[PDB]
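Asks: Dropping in work.txt, with compact mmCIF, N, CA and C atoms.
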```
# COMPACT_ATOMS: atom_id res chain seq x y z
N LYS V 6 -6.83 13.70 -13.86
CA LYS V 6 -7.52 12.41 -13.76
C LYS V 6 -6.51 11.27 -13.61
N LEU V 7 -6.45 10.68 -12.42
CA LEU V 7 -5.49 9.61 -12.15
C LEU V 7 -5.75 8.51 -13.18
N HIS V 8 -4.71 7.81 -13.62
CA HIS V 8 -4.88 6.65 -14.50
C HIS V 8 -4.00 5.48 -14.09
N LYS V 9 -4.55 4.28 -14.28
CA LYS V 9 -3.82 3.06 -13.96
C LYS V 9 -2.92 2.66 -15.13
N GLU V 10 -1.76 2.08 -14.82
CA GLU V 10 -0.85 1.52 -15.80
C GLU V 10 -0.45 0.11 -15.40
N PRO V 11 -0.23 -0.74 -16.39
CA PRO V 11 0.11 -2.13 -16.02
C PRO V 11 1.53 -2.21 -15.49
N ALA V 12 1.76 -3.25 -14.71
CA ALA V 12 3.07 -3.54 -14.15
C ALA V 12 3.15 -5.04 -13.93
N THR V 13 4.36 -5.55 -13.75
CA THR V 13 4.50 -6.99 -13.56
C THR V 13 5.23 -7.28 -12.26
N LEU V 14 4.76 -8.28 -11.53
CA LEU V 14 5.36 -8.50 -10.21
C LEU V 14 6.79 -8.98 -10.37
N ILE V 15 7.67 -8.46 -9.51
CA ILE V 15 9.01 -9.03 -9.47
C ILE V 15 9.10 -9.75 -8.13
N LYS V 16 8.90 -9.01 -7.05
CA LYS V 16 8.94 -9.62 -5.72
C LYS V 16 8.19 -8.82 -4.68
N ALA V 17 7.39 -9.44 -3.81
CA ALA V 17 6.86 -8.68 -2.67
C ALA V 17 7.94 -8.55 -1.60
N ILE V 18 8.13 -7.38 -1.01
CA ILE V 18 9.24 -7.23 -0.07
C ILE V 18 8.77 -7.18 1.37
N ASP V 19 7.62 -6.57 1.59
CA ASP V 19 7.09 -6.26 2.91
C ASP V 19 5.60 -5.96 2.75
N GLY V 20 4.91 -5.73 3.85
CA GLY V 20 3.48 -5.43 3.72
C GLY V 20 3.29 -4.17 2.91
N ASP V 21 4.27 -3.26 2.95
CA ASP V 21 4.03 -1.93 2.38
C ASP V 21 4.94 -1.64 1.18
N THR V 22 5.76 -2.61 0.81
CA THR V 22 6.70 -2.48 -0.30
C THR V 22 6.74 -3.67 -1.23
N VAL V 23 6.64 -3.36 -2.52
CA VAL V 23 6.68 -4.40 -3.55
C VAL V 23 7.59 -3.94 -4.69
N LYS V 24 8.35 -4.85 -5.26
CA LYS V 24 9.22 -4.62 -6.41
C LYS V 24 8.46 -5.03 -7.66
N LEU V 25 8.35 -4.14 -8.63
CA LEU V 25 7.58 -4.37 -9.84
C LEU V 25 8.40 -4.03 -11.09
N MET V 26 8.06 -4.65 -12.21
CA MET V 26 8.57 -4.19 -13.50
C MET V 26 7.61 -3.15 -14.05
N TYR V 27 8.10 -1.92 -14.18
CA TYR V 27 7.24 -0.83 -14.63
C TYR V 27 7.88 -0.13 -15.82
N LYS V 28 7.13 -0.10 -16.91
CA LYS V 28 7.60 0.43 -18.19
C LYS V 28 9.03 -0.03 -18.45
N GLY V 29 9.23 -1.34 -18.32
CA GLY V 29 10.47 -2.01 -18.59
C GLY V 29 11.56 -1.95 -17.56
N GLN V 30 11.37 -1.24 -16.45
CA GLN V 30 12.38 -1.01 -15.43
C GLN V 30 12.09 -1.72 -14.12
N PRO V 31 13.00 -2.44 -13.49
CA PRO V 31 12.64 -2.92 -12.15
C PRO V 31 12.53 -1.68 -11.26
N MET V 32 11.49 -1.60 -10.45
CA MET V 32 11.35 -0.46 -9.54
C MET V 32 10.80 -0.94 -8.20
N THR V 33 11.25 -0.34 -7.12
CA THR V 33 10.62 -0.57 -5.82
C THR V 33 9.47 0.40 -5.61
N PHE V 34 8.29 -0.09 -5.21
CA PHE V 34 7.15 0.77 -4.94
C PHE V 34 6.81 0.71 -3.46
N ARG V 35 6.56 1.86 -2.87
CA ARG V 35 6.02 2.03 -1.54
C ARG V 35 4.52 2.22 -1.67
N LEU V 36 3.66 1.54 -0.93
CA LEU V 36 2.23 1.76 -1.05
C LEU V 36 1.81 3.11 -0.46
N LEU V 37 1.21 3.99 -1.25
CA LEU V 37 0.75 5.30 -0.78
C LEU V 37 -0.29 5.21 0.34
N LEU V 38 -0.18 6.06 1.33
CA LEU V 38 -1.13 6.44 2.35
C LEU V 38 -1.27 5.39 3.44
N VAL V 39 -0.45 4.34 3.40
CA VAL V 39 -0.66 3.34 4.46
C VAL V 39 0.62 2.99 5.19
N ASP V 40 0.49 2.77 6.50
CA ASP V 40 1.59 2.26 7.29
C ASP V 40 1.26 0.85 7.75
N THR V 41 2.05 -0.13 7.33
CA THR V 41 1.84 -1.47 7.87
C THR V 41 2.88 -1.76 8.92
N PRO V 42 2.60 -2.72 9.79
CA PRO V 42 3.66 -3.16 10.70
C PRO V 42 4.75 -3.75 9.81
N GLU V 43 6.03 -3.60 10.15
CA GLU V 43 7.07 -4.05 9.23
C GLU V 43 7.77 -5.30 9.75
N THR V 44 8.38 -6.06 8.84
CA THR V 44 9.18 -7.22 9.19
C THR V 44 10.67 -6.80 9.20
N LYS V 45 10.91 -5.78 8.41
CA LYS V 45 12.17 -5.12 8.16
C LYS V 45 12.05 -3.65 8.56
N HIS V 46 11.73 -3.41 9.83
CA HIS V 46 11.69 -2.03 10.32
C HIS V 46 13.11 -1.58 10.67
N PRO V 47 13.43 -0.34 10.33
CA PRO V 47 14.76 0.21 10.63
C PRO V 47 15.20 -0.04 12.06
N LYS V 48 14.35 0.27 13.04
CA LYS V 48 14.75 0.20 14.44
C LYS V 48 14.20 -1.00 15.20
N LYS V 49 12.89 -1.21 15.16
CA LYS V 49 12.22 -2.26 15.93
C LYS V 49 12.47 -3.66 15.38
N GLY V 50 12.33 -3.86 14.07
CA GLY V 50 12.57 -5.16 13.47
C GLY V 50 11.32 -5.83 12.92
N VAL V 51 10.87 -6.91 13.55
CA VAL V 51 9.67 -7.65 13.20
C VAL V 51 8.53 -7.33 14.16
N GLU V 52 7.75 -6.30 13.85
CA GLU V 52 6.64 -5.89 14.71
C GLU V 52 5.42 -6.80 14.59
N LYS V 53 4.46 -6.59 15.47
CA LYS V 53 3.24 -7.35 15.64
C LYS V 53 2.17 -7.09 14.57
N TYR V 54 1.93 -8.08 13.73
CA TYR V 54 1.06 -8.14 12.58
C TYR V 54 1.86 -7.89 11.29
N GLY V 55 3.16 -7.69 11.46
CA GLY V 55 4.15 -7.51 10.41
C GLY V 55 4.21 -8.71 9.49
N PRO V 56 4.41 -9.91 10.02
CA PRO V 56 4.40 -11.07 9.12
C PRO V 56 3.06 -11.22 8.43
N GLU V 57 2.00 -10.99 9.20
CA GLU V 57 0.66 -11.10 8.64
C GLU V 57 0.39 -10.05 7.56
N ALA V 58 0.83 -8.80 7.78
CA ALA V 58 0.55 -7.80 6.74
C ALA V 58 1.35 -8.16 5.50
N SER V 59 2.57 -8.59 5.80
CA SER V 59 3.47 -8.96 4.73
C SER V 59 2.96 -10.16 3.97
N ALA V 60 2.38 -11.15 4.65
CA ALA V 60 1.84 -12.31 3.91
C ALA V 60 0.60 -11.93 3.12
N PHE V 61 -0.19 -11.00 3.65
CA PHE V 61 -1.38 -10.56 2.90
C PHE V 61 -1.01 -9.87 1.61
N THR V 62 -0.09 -8.90 1.63
CA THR V 62 0.31 -8.20 0.39
C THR V 62 0.90 -9.17 -0.61
N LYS V 63 1.76 -10.08 -0.15
CA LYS V 63 2.32 -11.10 -1.05
C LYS V 63 1.27 -11.98 -1.73
N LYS V 64 0.36 -12.59 -0.97
CA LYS V 64 -0.64 -13.47 -1.58
C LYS V 64 -1.47 -12.71 -2.60
N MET V 65 -1.81 -11.49 -2.16
CA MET V 65 -2.65 -10.67 -3.03
C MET V 65 -1.95 -10.32 -4.33
N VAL V 66 -0.68 -9.92 -4.29
CA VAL V 66 -0.04 -9.54 -5.56
C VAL V 66 0.44 -10.76 -6.31
N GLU V 67 0.72 -11.83 -5.57
CA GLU V 67 1.21 -13.04 -6.25
C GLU V 67 0.09 -13.77 -6.98
N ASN V 68 -1.12 -13.69 -6.44
CA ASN V 68 -2.22 -14.45 -7.04
C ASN V 68 -3.01 -13.68 -8.07
N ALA V 69 -2.59 -12.45 -8.38
CA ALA V 69 -3.41 -11.64 -9.29
C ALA V 69 -3.16 -12.04 -10.74
N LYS V 70 -4.18 -11.89 -11.57
CA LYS V 70 -4.02 -11.98 -13.00
C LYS V 70 -3.36 -10.71 -13.55
N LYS V 71 -3.85 -9.57 -13.10
CA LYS V 71 -3.40 -8.27 -13.57
C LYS V 71 -2.98 -7.39 -12.39
N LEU V 72 -1.80 -6.80 -12.43
CA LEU V 72 -1.40 -5.76 -11.48
C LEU V 72 -1.35 -4.40 -12.18
N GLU V 73 -1.79 -3.35 -11.51
CA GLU V 73 -1.72 -2.02 -12.12
C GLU V 73 -1.18 -1.03 -11.08
N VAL V 74 -0.49 -0.01 -11.56
CA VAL V 74 -0.03 1.02 -10.62
C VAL V 74 -0.79 2.29 -10.97
N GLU V 75 -1.07 3.07 -9.93
CA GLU V 75 -1.75 4.35 -10.09
C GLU V 75 -0.99 5.41 -9.27
N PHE V 76 -0.28 6.29 -9.99
CA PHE V 76 0.37 7.43 -9.33
C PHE V 76 -0.66 8.48 -8.93
N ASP V 77 -0.36 9.24 -7.87
CA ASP V 77 -1.23 10.31 -7.39
C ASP V 77 -0.83 11.61 -8.09
N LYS V 78 -1.27 12.78 -7.64
CA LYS V 78 -1.02 14.02 -8.39
C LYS V 78 0.27 14.75 -8.00
N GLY V 79 1.00 14.31 -6.98
CA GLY V 79 2.20 14.95 -6.47
C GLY V 79 3.47 14.25 -6.90
N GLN V 80 4.50 14.28 -6.06
CA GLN V 80 5.75 13.59 -6.33
C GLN V 80 5.49 12.10 -6.56
N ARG V 81 6.16 11.51 -7.53
CA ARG V 81 5.91 10.08 -7.79
C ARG V 81 6.98 9.17 -7.23
N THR V 82 8.04 9.73 -6.64
CA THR V 82 9.07 8.91 -5.98
C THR V 82 9.41 9.53 -4.64
N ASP V 83 9.85 8.72 -3.69
CA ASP V 83 10.27 9.31 -2.41
C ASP V 83 11.78 9.49 -2.37
N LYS V 84 12.33 9.89 -1.22
CA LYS V 84 13.77 10.16 -1.15
C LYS V 84 14.60 8.89 -1.30
N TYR V 85 14.00 7.71 -1.20
CA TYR V 85 14.79 6.49 -1.36
C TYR V 85 14.70 5.96 -2.77
N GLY V 86 14.05 6.74 -3.64
CA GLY V 86 13.95 6.25 -5.02
C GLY V 86 12.76 5.33 -5.21
N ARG V 87 11.93 5.15 -4.19
CA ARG V 87 10.75 4.29 -4.36
C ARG V 87 9.57 4.98 -5.03
N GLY V 88 8.96 4.31 -6.00
CA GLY V 88 7.69 4.73 -6.58
C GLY V 88 6.62 4.91 -5.51
N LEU V 89 5.80 5.95 -5.61
CA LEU V 89 4.74 6.23 -4.65
C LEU V 89 3.40 6.01 -5.32
N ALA V 90 2.68 4.93 -4.98
CA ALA V 90 1.52 4.62 -5.82
C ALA V 90 0.44 3.82 -5.12
N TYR V 91 -0.73 3.81 -5.71
CA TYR V 91 -1.79 2.87 -5.30
C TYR V 91 -1.58 1.65 -6.20
N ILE V 92 -1.60 0.48 -5.60
CA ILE V 92 -1.38 -0.74 -6.38
C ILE V 92 -2.71 -1.51 -6.48
N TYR V 93 -3.09 -2.01 -7.64
CA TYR V 93 -4.33 -2.73 -7.88
C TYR V 93 -4.02 -4.17 -8.33
N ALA V 94 -4.65 -5.15 -7.70
CA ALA V 94 -4.54 -6.57 -8.04
C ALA V 94 -5.92 -6.96 -8.57
N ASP V 95 -6.01 -7.30 -9.84
CA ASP V 95 -7.29 -7.51 -10.51
C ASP V 95 -8.34 -6.49 -10.11
N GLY V 96 -8.05 -5.19 -10.19
CA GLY V 96 -9.08 -4.23 -9.88
C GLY V 96 -9.28 -3.89 -8.42
N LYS V 97 -8.69 -4.63 -7.49
CA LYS V 97 -8.85 -4.33 -6.08
C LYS V 97 -7.61 -3.61 -5.53
N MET V 98 -7.84 -2.46 -4.93
CA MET V 98 -6.67 -1.70 -4.43
C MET V 98 -6.07 -2.41 -3.23
N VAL V 99 -4.82 -2.82 -3.33
CA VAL V 99 -4.15 -3.45 -2.20
C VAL V 99 -4.06 -2.51 -1.02
N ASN V 100 -3.85 -1.22 -1.28
CA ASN V 100 -3.70 -0.32 -0.11
C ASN V 100 -4.98 -0.32 0.72
N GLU V 101 -6.13 -0.28 0.05
CA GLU V 101 -7.40 -0.29 0.80
C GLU V 101 -7.65 -1.63 1.47
N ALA V 102 -7.37 -2.72 0.75
CA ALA V 102 -7.60 -4.05 1.35
C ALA V 102 -6.85 -4.19 2.65
N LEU V 103 -5.60 -3.72 2.73
CA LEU V 103 -4.80 -3.87 3.96
C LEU V 103 -5.47 -3.17 5.12
N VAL V 104 -5.96 -1.97 4.82
CA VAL V 104 -6.56 -1.11 5.83
C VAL V 104 -7.91 -1.68 6.26
N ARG V 105 -8.66 -2.15 5.27
CA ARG V 105 -9.98 -2.73 5.57
C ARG V 105 -9.83 -3.94 6.50
N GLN V 106 -8.72 -4.65 6.42
CA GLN V 106 -8.45 -5.84 7.22
C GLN V 106 -7.79 -5.54 8.56
N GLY V 107 -7.60 -4.27 8.89
CA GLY V 107 -6.91 -4.00 10.15
C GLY V 107 -5.44 -4.41 10.09
N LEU V 108 -4.83 -4.43 8.90
CA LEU V 108 -3.43 -4.80 8.78
C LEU V 108 -2.54 -3.61 8.39
N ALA V 109 -3.15 -2.44 8.37
CA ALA V 109 -2.42 -1.20 8.11
C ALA V 109 -3.17 -0.03 8.72
N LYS V 110 -2.48 1.04 9.08
CA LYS V 110 -3.15 2.29 9.47
C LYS V 110 -3.05 3.30 8.34
N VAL V 111 -3.91 4.30 8.27
CA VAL V 111 -3.76 5.36 7.26
C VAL V 111 -2.59 6.24 7.71
N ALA V 112 -1.60 6.45 6.88
CA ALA V 112 -0.37 7.15 7.25
C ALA V 112 -0.61 8.64 7.42
N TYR V 113 0.43 9.36 7.86
CA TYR V 113 0.37 10.82 7.85
C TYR V 113 0.35 11.30 6.41
N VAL V 114 -0.61 12.14 6.04
CA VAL V 114 -0.78 12.45 4.62
C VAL V 114 -0.14 13.76 4.18
N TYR V 115 0.41 13.76 2.97
CA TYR V 115 1.05 14.94 2.39
C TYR V 115 0.39 15.36 1.09
N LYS V 116 -0.25 16.53 1.13
CA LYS V 116 -0.85 17.03 -0.12
C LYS V 116 0.30 17.27 -1.11
N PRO V 117 0.06 17.11 -2.40
CA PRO V 117 -1.25 16.72 -2.91
C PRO V 117 -1.35 15.21 -3.12
N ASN V 118 -0.51 14.41 -2.44
CA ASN V 118 -0.69 12.97 -2.70
C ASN V 118 -1.70 12.41 -1.69
N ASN V 119 -2.96 12.79 -1.87
CA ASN V 119 -3.97 12.39 -0.89
C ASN V 119 -5.30 12.07 -1.55
N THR V 120 -5.25 11.77 -2.83
CA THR V 120 -6.49 11.56 -3.59
C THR V 120 -7.36 10.51 -2.93
N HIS V 121 -6.87 9.34 -2.53
CA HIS V 121 -7.79 8.33 -1.99
C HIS V 121 -7.85 8.38 -0.48
N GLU V 122 -7.51 9.53 0.09
CA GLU V 122 -7.44 9.61 1.54
C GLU V 122 -8.74 9.30 2.27
N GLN V 123 -9.84 9.89 1.84
CA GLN V 123 -11.12 9.70 2.53
C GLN V 123 -11.62 8.27 2.44
N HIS V 124 -11.51 7.70 1.25
CA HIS V 124 -11.90 6.31 1.05
C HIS V 124 -11.21 5.38 2.03
N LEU V 125 -9.90 5.62 2.15
CA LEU V 125 -9.11 4.78 3.02
C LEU V 125 -9.53 5.00 4.46
N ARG V 126 -9.75 6.29 4.75
CA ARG V 126 -10.06 6.57 6.16
C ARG V 126 -11.39 5.93 6.54
N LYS V 127 -12.28 5.84 5.56
CA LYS V 127 -13.56 5.16 5.81
C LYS V 127 -13.35 3.67 6.02
N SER V 128 -12.46 3.01 5.26
CA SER V 128 -12.22 1.59 5.54
C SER V 128 -11.50 1.42 6.86
N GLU V 129 -10.66 2.39 7.24
CA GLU V 129 -9.99 2.24 8.53
C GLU V 129 -10.99 2.34 9.67
N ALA V 130 -11.95 3.25 9.56
CA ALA V 130 -12.96 3.35 10.62
C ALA V 130 -13.74 2.05 10.80
N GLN V 131 -14.07 1.41 9.67
CA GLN V 131 -14.75 0.11 9.67
C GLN V 131 -13.93 -0.98 10.31
N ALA V 132 -12.65 -1.06 9.89
CA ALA V 132 -11.86 -2.12 10.54
C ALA V 132 -11.71 -1.89 12.04
N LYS V 133 -11.68 -0.63 12.48
CA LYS V 133 -11.57 -0.40 13.92
C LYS V 133 -12.90 -0.73 14.60
N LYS V 134 -13.99 -0.35 13.91
CA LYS V 134 -15.28 -0.66 14.54
C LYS V 134 -15.46 -2.17 14.55
N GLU V 135 -14.90 -2.90 13.58
CA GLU V 135 -14.94 -4.36 13.63
C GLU V 135 -13.81 -4.94 14.48
N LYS V 136 -12.98 -4.10 15.08
CA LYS V 136 -11.87 -4.50 15.93
C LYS V 136 -10.96 -5.56 15.32
N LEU V 137 -10.61 -5.41 14.05
CA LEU V 137 -9.79 -6.37 13.33
C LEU V 137 -8.29 -6.20 13.54
N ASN V 138 -7.60 -7.30 13.79
CA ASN V 138 -6.15 -7.41 13.85
C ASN V 138 -5.52 -6.31 14.68
N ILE V 139 -4.91 -5.33 14.03
CA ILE V 139 -4.37 -4.14 14.68
C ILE V 139 -5.35 -3.54 15.67
N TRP V 140 -6.66 -3.64 15.41
CA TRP V 140 -7.63 -2.92 16.22
C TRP V 140 -8.31 -3.76 17.29
N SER V 141 -7.88 -5.00 17.51
CA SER V 141 -8.64 -5.84 18.43
C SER V 141 -8.09 -5.79 19.85
```
Translate this file's structure into structure tokens.
Replies:
Amino acid sequence: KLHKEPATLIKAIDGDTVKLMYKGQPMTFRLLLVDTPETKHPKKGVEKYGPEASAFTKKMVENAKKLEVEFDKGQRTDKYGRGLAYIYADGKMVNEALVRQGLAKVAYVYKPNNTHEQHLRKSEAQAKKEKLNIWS
């Protein structure tokens, strides 16, 4: 049974990456299951909707009363040392909000870290049917 834990914002880094204080430690978190356009992409650089995805994640985590992290059932860190998690801002999952807005795609998924996969895929279908941002 997945469970949420509190965390405190340190800095938003990108649409898909946020630095948080978690159980007393500064940690970088990668948002599970979503690919956003990046402002800091390894090769391309500042892609299209990158600033926008990045501004959405920032406003959302910066304006929250409560932030919570939710680890999935598999590995909890990636090869870069980043936490792998669903992030919640006052009860609303940031990963889903990005996708619902057409500001992220559902990433390639790796079992068993796929608990909220269907939910996300349903919001992605909606944003595409509404032709939002990425999908217009």
Asks: Figure out the distance between CA of residue 70 in chain V and atom C of residue 58 in chain V, please, to one decimal in Å.
Replies: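 Taking atom C of residue 58 in chain V and CA of residue 70 in chain V, their separation equals 19.6 Å.
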Asks: I'd like the contact shell of residue 96 in chain V - 9 Å cut-off, only C-alpha atoms, skipping same-chain residues fewer than 3 positions apart - returned as a list in words.
Replies: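 Contacts, with the query itself left out: residues 71, 72, 73 and 93 of chain V.
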Asks: V:16, V:35, V:46, V:9: which is nearest residue 87 in chain V, counting only N, CA and C atoms?
Replies: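 Selected residue with least distance to residue 87 in chain V: V:35.
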Asks: Near residue 127 in chain V, counting all atoms listed in the file, which residues have an atom at most 8 Å away, once you skip same-chain residues fewer than 6 positions from it, shown as number ranges by chain?
Replies: V: 104-105, 121, 133
Asks: Go ahead and write the selection's residues with N, CA and C atoms as a compact mmCIF listing (two decimals), keeping the file's coordinate frame.
Replies:
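The result, written out as out38.txt:
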```txt
# COMPACT_ATOMS: atom_id res chain seq x y z
N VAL V 104 -5.96 -1.97 4.82
CA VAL V 104 -6.56 -1.11 5.83
C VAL V 104 -7.91 -1.68 6.26
N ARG V 105 -8.66 -2.15 5.27
CA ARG V 105 -9.98 -2.73 5.57
C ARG V 105 -9.83 -3.94 6.50
N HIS V 121 -6.87 9.34 -2.53
CA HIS V 121 -7.79 8.33 -1.99
C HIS V 121 -7.85 8.38 -0.48
N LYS V 133 -11.68 -0.63 12.48
CA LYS V 133 -11.57 -0.40 13.92
C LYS V 133 -12.90 -0.73 14.60
```
Asks: Work out how far CA of residue 15 in chain V is from CA of residue 129 in chain V, in Å to one decimal.
Replies: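 About the pair CA of residue 129 in chain V and CA of residue 15 in chain V: they are 28.5 Å apart.
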Asks: Neighbours of residue 138 in chain V within 6.5 Å (only N, CA and C atoms; same-chain residues fewer than 3 positions away dropped), as a list in words?
Replies: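 Listed by chain and then number, they are residues 106, 107, 108 and 141 of chain V.
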Asks: Please save N, CA and C atoms of the selected residues as a CSV table (one decimal), in the frame of the given file.
Replies:
```
chain,number,residue,atom,x,y,z
V,106,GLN,N,-8.7,-4.6,6.4
V,106,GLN,CA,-8.4,-5.8,7.2
V,106,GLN,C,-7.8,-5.5,8.6
V,107,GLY,N,-7.6,-4.3,8.9
V,107,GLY,CA,-6.9,-4.0,10.2
V,107,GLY,C,-5.4,-4.4,10.1
V,108,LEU,N,-4.8,-4.4,8.9
V,108,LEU,CA,-3.4,-4.8,8.8
V,108,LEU,C,-2.5,-3.6,8.4
V,141,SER,N,-7.9,-5.0,17.5
V,141,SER,CA,-8.6,-5.8,18.4
V,141,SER,C,-8.1,-5.8,19.8
```
Asks: So which bits of chain V end up alpha helix (DSSP H) when you DSSP the backbone, as a ChimeraX atom specification?
Replies: /V:55-67,99-105,122-134
Asks: Between V:59, V:31, V:39, V:85, which residue has the minimum interatomic distance to residue 19 in chain V, considering only C-alpha atoms?
Replies: V:59
Asks: Leaving out residue 63 in chain V and any residue of its chain fewer than 6 positions from it, which residues lie within 7 Å of it when counting all atoms listed in the file, given as a PyMOL selection string?
Replies: chain V and resi 17-20
Asks: How many Å lie between CA of residue 6 in chain V and CA of residue 94 in chain V, rounded to one decimal?
Replies: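 Spanning CA of residue 6 in chain V to CA of residue 94 in chain V is a straight-line distance of 20.0 Å.
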Asks: Nearest residue to residue 77 in chain V out of V:134, V:28, V:45, V:8, using only C-alpha atoms?
Replies: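 Checking each of V:134, V:28, V:45, V:8 against residue 77 in chain V, counting only C-alpha atoms, the winner is V:8.
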Asks: Please return as a tab-separated table (two decimals) with N, CA and C atoms, in the coordinates of the input every residue within 10 Å of (-6.0, 16.7, -5.7), taking into account only C-alpha atoms and the file's own coordinates.
Replies:
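Saved the output as result.tsv:
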```
chain	number	residue	atom	x	y	z
V	6	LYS	N	-6.83	13.70	-13.86
V	6	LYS	CA	-7.52	12.41	-13.76
V	6	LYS	C	-6.51	11.27	-13.61
V	7	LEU	N	-6.45	10.68	-12.42
V	7	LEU	CA	-5.49	9.61	-12.15
V	7	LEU	C	-5.75	8.51	-13.18
V	77	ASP	N	-0.36	9.24	-7.87
V	77	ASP	CA	-1.23	10.31	-7.39
V	77	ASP	C	-0.83	11.61	-8.09
V	78	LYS	N	-1.27	12.78	-7.64
V	78	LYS	CA	-1.02	14.02	-8.39
V	78	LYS	C	0.27	14.75	-8.00
V	79	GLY	N	1.00	14.31	-6.98
V	79	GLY	CA	2.20	14.95	-6.47
V	79	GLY	C	3.47	14.25	-6.90
V	116	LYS	N	-0.25	16.53	1.13
V	116	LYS	CA	-0.85	17.03	-0.12
V	116	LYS	C	0.30	17.27	-1.11
V	117	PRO	N	0.06	17.11	-2.40
V	117	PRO	CA	-1.25	16.72	-2.91
V	117	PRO	C	-1.35	15.21	-3.12
V	118	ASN	N	-0.51	14.41	-2.44
V	118	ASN	CA	-0.69	12.97	-2.70
V	118	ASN	C	-1.70	12.41	-1.69
V	119	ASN	N	-2.96	12.79	-1.87
V	119	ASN	CA	-3.97	12.39	-0.89
V	119	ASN	C	-5.30	12.07	-1.55
V	120	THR	N	-5.25	11.77	-2.83
V	120	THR	CA	-6.49	11.56	-3.59
V	120	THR	C	-7.36	10.51	-2.93
V	121	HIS	N	-6.87	9.34	-2.53
V	121	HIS	CA	-7.79	8.33	-1.99
V	121	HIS	C	-7.85	8.38	-0.48
```
Asks: At a cut-off of 6 Å, can you tabulate as a tab-separated table every residue of range 33-83 of chain V near range 21-25 of chain V together with its closest atom pair and the distance in Å to one decimal, using all atoms listed in the file and ordering rows by chain then number?
Replies:
```
residue	atom	partner	partner_atom	distance
V:33	CA	V:24	CA	4.3
V:34	N	V:23	C	3.9
V:35	CA	V:21	C	4.7
V:36	N	V:21	C	4.0
V:41	N	V:21	CA	5.6
```
Asks: Using DSSP on the backbone, list every residue of range 58-125 of chain V that comes out as strand (DSSP E or B), and give them as a PDB file with N, CA and C atoms, in the coordinates of the input.
Replies:
```pdb
ATOM      1  N   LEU V  72      -1.800  -6.800 -12.430  1.00  0.00           N
ATOM      2  CA  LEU V  72      -1.400  -5.760 -11.480  1.00  0.00           C
ATOM      3  C   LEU V  72      -1.350  -4.400 -12.180  1.00  0.00           C
ATOM      4  N   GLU V  73      -1.790  -3.350 -11.510  1.00  0.00           N
ATOM      5  CA  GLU V  73      -1.720  -2.020 -12.120  1.00  0.00           C
ATOM      6  C   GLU V  73      -1.180  -1.030 -11.080  1.00  0.00           C
ATOM      7  N   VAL V  74      -0.490  -0.010 -11.560  1.00  0.00           N
ATOM      8  CA  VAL V  74      -0.030   1.020 -10.620  1.00  0.00           C
ATOM      9  C   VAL V  74      -0.790   2.290 -10.970  1.00  0.00           C
ATOM     10  N   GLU V  75      -1.070   3.070  -9.930  1.00  0.00           N
ATOM     11  CA  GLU V  75      -1.750   4.350 -10.090  1.00  0.00           C
ATOM     12  C   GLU V  75      -0.990   5.410  -9.270  1.00  0.00           C
ATOM     13  N   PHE V  76      -0.280   6.290  -9.990  1.00  0.00           N
ATOM     14  CA  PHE V  76       0.370   7.430  -9.330  1.00  0.00           C
ATOM     15  C   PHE V  76      -0.660   8.480  -8.930  1.00  0.00           C
ATOM     16  N   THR V  82       8.040   9.730  -6.640  1.00  0.00           N
ATOM     17  CA  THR V  82       9.070   8.910  -5.980  1.00  0.00           C
ATOM     18  C   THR V  82       9.410   9.530  -4.640  1.00  0.00           C
ATOM     19  N   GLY V  88       8.960   4.310  -6.000  1.00  0.00           N
ATOM     20  CA  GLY V  88       7.690   4.730  -6.580  1.00  0.00           C
ATOM     21  C   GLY V  88       6.620   4.910  -5.510  1.00  0.00           C
ATOM     22  N   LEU V  89       5.800   5.950  -5.610  1.00  0.00           N
ATOM     23  CA  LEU V  89       4.740   6.230  -4.650  1.00  0.00           C
ATOM     24  C   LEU V  89       3.400   6.010  -5.320  1.00  0.00           C
ATOM     25  N   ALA V  90       2.680   4.930  -4.980  1.00  0.00           N
ATOM     26  CA  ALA V  90       1.520   4.620  -5.820  1.00  0.00           C
ATOM     27  C   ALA V  90       0.440   3.820  -5.120  1.00  0.00           C
ATOM     28  N   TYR V  91      -0.730   3.810  -5.710  1.00  0.00           N
ATOM     29  CA  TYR V  91      -1.790   2.870  -5.300  1.00  0.00           C
ATOM     30  C   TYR V  91      -1.580   1.650  -6.200  1.00  0.00           C
ATOM     31  N   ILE V  92      -1.600   0.480  -5.600  1.00  0.00           N
ATOM     32  CA  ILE V  92      -1.380  -0.740  -6.380  1.00  0.00           C
ATOM     33  C   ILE V  92      -2.710  -1.510  -6.480  1.00  0.00           C
ATOM     34  N   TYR V  93      -3.090  -2.010  -7.640  1.00  0.00           N
ATOM     35  CA  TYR V  93      -4.330  -2.730  -7.880  1.00  0.00           C
ATOM     36  C   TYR V  93      -4.020  -4.170  -8.330  1.00  0.00           C
ATOM     37  N   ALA V  94      -4.650  -5.150  -7.700  1.00  0.00           N
ATOM     38  CA  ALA V  94      -4.540  -6.570  -8.040  1.00  0.00           C
ATOM     39  C   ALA V  94      -5.920  -6.960  -8.570  1.00  0.00           C
ATOM     40  N   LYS V  97      -8.690  -4.630  -7.490  1.00  0.00           N
ATOM     41  CA  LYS V  97      -8.850  -4.330  -6.080  1.00  0.00           C
ATOM     42  C   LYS V  97      -7.610  -3.610  -5.530  1.00  0.00           C
ATOM     43  N   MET V  98      -7.840  -2.460  -4.930  1.00  0.00           N
ATOM     44  CA  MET V  98      -6.670  -1.700  -4.430  1.00  0.00           C
ATOM     45  C   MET V  98      -6.070  -2.410  -3.230  1.00  0.00           C
ATOM     46  N   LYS V 110      -2.480   1.040   9.080  1.00  0.00           N
ATOM     47  CA  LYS V 110      -3.150   2.290   9.470  1.00  0.00           C
ATOM     48  C   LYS V 110      -3.050   3.300   8.340  1.00  0.00           C
ATOM     49  N   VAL V 111      -3.910   4.300   8.270  1.00  0.00           N
ATOM     50  CA  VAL V 111      -3.760   5.360   7.260  1.00  0.00           C
ATOM     51  C   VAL V 111      -2.590   6.240   7.710  1.00  0.00           C
TER      52      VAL V 111
END
```
Asks: Measuring between only C-alpha atoms, which one of V:60, V:98, V:14, V:109 shows the shortest distance to residue 140 in chain V?
Replies: V:109
